[PDB]
Asks: 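Following this message is one structure expressed as structure tokens.
Read the numbers this way: they start at 1 and go in the same order the structure lists the ligands and their atoms. Keep in mind that the numbers below use all heavy atoms, side chains included, and drop hydrogens, waters and symmetry copies. Along the sequence shown, the residues carry numbers beginning at 1.
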Amino acid sequence: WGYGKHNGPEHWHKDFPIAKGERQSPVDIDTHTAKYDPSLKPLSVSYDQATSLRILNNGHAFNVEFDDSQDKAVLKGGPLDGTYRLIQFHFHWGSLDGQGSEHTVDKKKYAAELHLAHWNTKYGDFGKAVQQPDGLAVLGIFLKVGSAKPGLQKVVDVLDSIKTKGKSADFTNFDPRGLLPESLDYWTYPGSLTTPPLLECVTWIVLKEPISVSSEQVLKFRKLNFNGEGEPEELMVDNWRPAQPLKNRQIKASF
Ligand SMILES: [Hg+2]
Ligand SMILES: [Zn+2]
């Protein structure tokens with residue numbers, strides 16, 4: 001699988017039949033159809049004690065991994081029941097600024113989309129939670145081109161180091177709080193992972209308010225490679241999946 005003409009999202013169903021499931025992600029968020037639910041509690045992000053370990057290029061994106069042996073960086077409240085631990089974060093970007101995000105808003109596509117993956121700590125480990133309907137919690141944040149994001153420069157600088165597939169780099173003392181918008185207003189719905197195995201275990205939380213990053217920050221993302229060192233060079237762009245049918249599911253709003 002990949003995002004190429006021959007291995008793209010339109011071919012995933014072949015190896016991952018769930019691709020055509022009932023709670024597939026990403027989706028289009030119709031703001032006029034989303035339902036204001038007053039029983040929704042405010043989001044609770046506790047990332048003051050976070051511990052980043054490394055940055056890796058897995059051939060489809062770059063992941064910033066965290067130590068999840070303890071409740072260092074946790075997500076609770078909102079639509080969630082119990083505590084979710086931050087395992088990693090990554091992005092999805094496009095070739096141009098008109099595309100990149102996975103979720104859309106009234107059909108509108110952003111430059112990129114940031115995903116912070118969490119797993120329910122009653123299941124004990126990541127591998128076990130992916131076997132549960134409420135196993136994961138993904139915090140989605142849209143990225144628009146404007147002013148630089150100071151809190152994001154550190155990631156940008158280390159990309160040169162992990163240009164190709166398989167490369168990894170030590171990445172400690174990175175505070176994720178720097179990637180968060182002012183507002184914690186969100187939309188929530190039952191979905192899946194947007195990449196294979198596409199397991200239908202995710203509780204999506206997409207923030208209304210986007211973060212802006214500079215043209216130059218975003219440009220460095222696009223210099224990454226899908227291919228491994230020594231192979232023909234294939235630029236890492238458009239690593240996003242097209243919106244899926246909501247199919248009965250209802251999108252709730254915290255605002
Ligand atoms: Hg699941
Ligand atoms: Zn993602």
Asks: Give a yes-or-no answer on whether the side chains of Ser192 and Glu200 include a donor-acceptor pair shorter than 3.5 Å.
Replies: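 No - no donor-acceptor pair under 3.5 Å links their side chains.
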Asks: Quick one: side chains of residues 181-190, donor-acceptor pairs under 3.5 Å with protein atoms, not counting sequence neighbours, listed by atom name and distance.
Replies:
residue : atom : partner : partner atom : Å
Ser183  : OG   : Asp185  : OD2          : 3.4
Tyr186  : OH   : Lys41   : O            : 2.6
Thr188  : OG1  : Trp204  : O            : 2.6
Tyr189  : OH   : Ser25   : OG           : 2.7
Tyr189  : OH   : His103  : NE2          : 2.7

Asks: Decide yes or no on side-chain contact (heavy atoms from CB on, under 4.5 Å) for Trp93 and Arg222, but give the supporting numbers first.
Replies: CA-CA 8 Å; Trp93 56 96; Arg222 291 166 194 149; 4.0 Å; yes
Asks: Under 6.0 Å from the ring centre and within 45 degrees of the ring axis: does the NZ or CZ of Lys14 meet both conditions for the six-membered ring of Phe16?
Replies: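 That pair does not qualify as a cation-pi contact.
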Asks: Name every donor-acceptor pair, under 3.5 Å, that has one atom in a side chain of residues 59-67 and the other anywhere in the protein, sequence neighbours excluded.
Replies:
residue : atom : partner : partner atom : Å
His60   : ND1  : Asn58   : OD1          : 3.3
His60   : NE2  : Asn58   : OD1          : 3.4
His60   : NE2  : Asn58   : ND2          : 3.3
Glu65   : OE1  : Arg54   : NE           : 3.4
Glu65   : OE1  : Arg54   : NH1          : 2.9
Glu65   : OE2  : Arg54   : NH1          : 3.4
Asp67   : OD1  : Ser69   : N            : 3.1
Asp67   : OD1  : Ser69   : OG           : 2.9
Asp67   : OD2  : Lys72   : NZ           : 2.7

Asks: Give every protein N, O or S atom lying under 2.8 Å from the Zn ion (ligand 2), naming each by residue and atom.
Replies: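 Less than 2.8 Å away from the Zn ion (ligand 2) sit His90 NE2, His92 NE2, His115 ND1.
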Asks: Please state the angle at the Hg ion (ligand 1) spanned by O of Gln132 and SG of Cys201: what is it, rounded to 10 degrees?
Replies: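 For O of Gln132 and SG of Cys201, the angle centred on the Hg ion (ligand 1) reads 90°.
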Asks: Please table the atom pairs, donor to acceptor, closer than 3.5 Å between any side-chain atom in residues 128-151 and protein atoms at least two apart or in another chain.
Replies:
residue : atom : partner : partner atom : Å
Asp134  : OD1  : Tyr123  : OH           : 2.4
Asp134  : OD2  : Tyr123  : OH           : 3.4

